[PDB]
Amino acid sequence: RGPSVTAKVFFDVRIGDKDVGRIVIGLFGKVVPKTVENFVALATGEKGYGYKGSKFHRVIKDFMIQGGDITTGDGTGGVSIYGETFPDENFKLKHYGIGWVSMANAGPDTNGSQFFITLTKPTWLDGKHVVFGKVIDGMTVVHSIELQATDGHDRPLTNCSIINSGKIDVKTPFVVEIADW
C-alpha cells in the first residue's frame, strides 16, 4: 500500500528553442489536499497567474531541479493561491527517492509557488519541505534539464521554460507503493 494519485499536472518544456517533451506529475490529494489544490490551480492558471511561462531557474545534477517562480522569475519570487505564503500542511510524505515533487520555501511555513523535483534521495529535507507529488512520466525530460550547462549560481545558461501547463483528470486513482506505509 501507499497513497493514491488523485490528480495529475503536465508541464511541456522547451530548452532554448527546442521542445524537449512533457513532465507528468501525479498528486497525492488525499494526503495533502491544500498543497495539491495550490499546485493544480497554478498549473491550470485558473486564478489568472501560474506556472505557464516560468522556468527551472536552479538545477543541480544529482540533487534537484527547481522551478515555479511565477512573479519576479529570478528565484526570489512566487506567490500561492492562498496569499504570499501558506503554512506547511504536514510532512507525511518523505523525499523517498528520485522524481518526488516538493515545495521550496524560506524556512517553516513559507510555501508559495516554487517547487522542486528530486534527482537523489535528499533525506536531510524530510520534515522540512512538504512533499505532494511524484513524476509519473517524463523522467527523461527531467534528466534533459538536469544535464544543462549551468553558471556558478546553478542557473541554466539557456532557459528551461514551462511553455504550457495544466491538469489531466485521473478517472482511476492508483497507488504509489511506499515501503513501510
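One-based numbering along the sequence shown.
Checked against the record, the higher mean CA B factor of 118-126 and 149-157 lies with 149-157. Stretch comparison (82-90 versus 107-115) by mean CA B-factor in the PDB entry places 82-90 on top.
Among the modelled residues of its chain, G53 has a C-alpha B-factor that falls in the highest third, as given in the PDB entry.
In the PDB entry, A179 places in the highest third of its chain by CA B-factor. For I15, the recorded CA B-factor ranks within the highest third of the chain. Only modelled residues enter the ranking. When the modelled residues of the chain are ordered by their C-alpha B factor, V32 lands in the lowest third. In this PDB entry, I70 carries a Cα temperature factor that places it within the highest third of its chain's modelled residues.
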